[PDB]
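Laid out below as structure tokens are two forms of one and the same protein chain, each shown alone and named structure 1 and structure 2.
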Structure 1
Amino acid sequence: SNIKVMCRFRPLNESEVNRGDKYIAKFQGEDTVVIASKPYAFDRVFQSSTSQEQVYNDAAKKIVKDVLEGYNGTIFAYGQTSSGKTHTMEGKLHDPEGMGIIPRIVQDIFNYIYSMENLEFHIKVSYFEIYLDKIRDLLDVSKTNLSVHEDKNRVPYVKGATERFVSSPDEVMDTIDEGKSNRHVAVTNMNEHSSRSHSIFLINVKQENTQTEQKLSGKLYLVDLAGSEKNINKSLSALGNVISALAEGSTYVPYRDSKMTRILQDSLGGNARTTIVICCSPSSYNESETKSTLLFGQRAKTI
């Protein structure tokens, strides 16, 4: 921590306008939003017309550089259903202007790599979903209840999760498209299922300098969380407890409160780099969920 929080408001959608909703967010400077006369400050606040490129530049581009220096990292999208999480994390996957964080990260990683001579790179990706605290491999639909374990050096791993070596951004994008298709298997209503489950995309960048033999490894987890809007989702409550513990400098961090936070243990907090993008509707209709989303983001404020 090493945890940054950035708030992204989207425009009102046509359904909110058809209902007669009002735009209730006000902005001060670049880092504060006011709701019902209360200010909420973050590392950055994105207004409703912020482009995909600006969001990537502020939220993710530095973390990509760090992963290529051998750090681990995580980027989360958090917020109520329809607040813009998937538009932020994925966008229009193949459109140069509309693409989201994930395809831009893939582009930058490979462009950086192409720009290196004595360095040798190995890139691996995995893609899974957490639904009801159960891990399902999006690259192998026969693997639906995977367990979390620790290795001998104590690094977490998902036992038996598919790993795919990739050598081009199009290979990565093809892998994401395959996972999105496989996600439909044994699922009645995809849209509802997606809003109630977490998708986790892992990119593992390993490198060795062949003339000095130094090796570096970095893992970047990209997480599109379930809707935060009767219980709080178990992964989300675990995530809040972990962020709050890190924010107060606690020696003990309760990663074991969920499978998701156990998986991310070496890529969330400590020496790892993290950005949480909280996504919000500006609608008067969603005011109390927006308040709750902003309060979740303030968990990261260091005390």
Structure 2
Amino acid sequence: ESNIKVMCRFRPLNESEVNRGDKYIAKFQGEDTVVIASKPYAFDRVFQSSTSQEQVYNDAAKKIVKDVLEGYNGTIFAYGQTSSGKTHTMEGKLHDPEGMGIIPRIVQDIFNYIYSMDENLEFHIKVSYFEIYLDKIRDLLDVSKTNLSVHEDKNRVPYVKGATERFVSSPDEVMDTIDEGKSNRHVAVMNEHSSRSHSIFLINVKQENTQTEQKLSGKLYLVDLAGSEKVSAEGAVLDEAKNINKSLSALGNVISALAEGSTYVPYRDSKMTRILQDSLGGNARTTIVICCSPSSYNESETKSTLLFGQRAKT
């Protein structure tokens, strides 16, 4: 009923960390569940370390991509604490086909589809890239715009006023756009390269059918979530933490309302969920990719992650 799928990916394992003296802590009872500290967590799918990039994309994103090319909206969330493998899962290696993670594979599927239609279909792809930072909407493609707003049009379709829309005509133009924006996202520092905001990448695929003169329009949102911080330097990083946690809780409330089939879903309680209202719940398709470390050293954070993912399971 909810249309939301939660998928948990576990990472290997690496040499540097085996030499520190860590245990694997994660046990699997089938395609379903991960068991950590004797507690079971069931999801829509659990990927162990042997699961390839391509098969993660196939399970998580491929049919969402098809649906947007058929005129639907969709959303993919990436959640994980640092070193959970969130970036390997979402981006991977640029031009490596085995290889590349979810986002470049999406871009590759879209343009293959386009190239294979050629005659019959005319495409215009608009991309946007912005972050939710300290509850402000900042454009990552134009840093001069640091405080945008969300609105609804006449048919209650959400839009970000003033956000940069770039036309793109090839996979390279798309990845370039991603890179420009990454260079502007708020990161920091006792972890390391720690996102201090949520990022939203929008792929808007507009179609016109040559033969029939009929238009199609689909929105695909790629949301990279900053991890919840258990922070009590009591200054700007504090404000960052409290905002990250609130927005995650607001998202979790909506996610949970949808998963439990609530007749009222509280989209209004945060800027992100207002932005995502036509692409999260209803006839939209969503995958939540939560990334976890197997390491014993990470055990409480992957627990934090798993429980957040559970807010979304029916």
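Each residue is numbered by where it sits in the sequence of structure 1, with counting from 1. Heads up, when I say rigid core I mean the largest set of C-alphas that superpose within 1.5 Å between the two forms.
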(request) With the two forms aligned on their rigid core, point out which item of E171, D140, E163, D95 shifts its C-alpha by 2 Å or more between the two structures. (result) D95
(message) Given a superposition on the rigid core, I'd like a yes or no on whether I24 shifts its C-alpha by 2 Å or more between the two structures.
(response) no
(request) Taking the rigid core as the superposition reference, indicate whether the CA of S48 shifts 2 angstroms or more between the two structures. (result) yes
(message) Quick check on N204: with the core superposed, does its CA move 2 angstroms or more between the two structures?
(response) no
(message) Please report, in Å, how much the Cα atom of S15 moves between the two structures when the rigid core is superposed.
(response) 6.3
(message) I need the CA movement of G297 between the two structures once the rigid core is aligned, reported in Å.
(response) 1.4
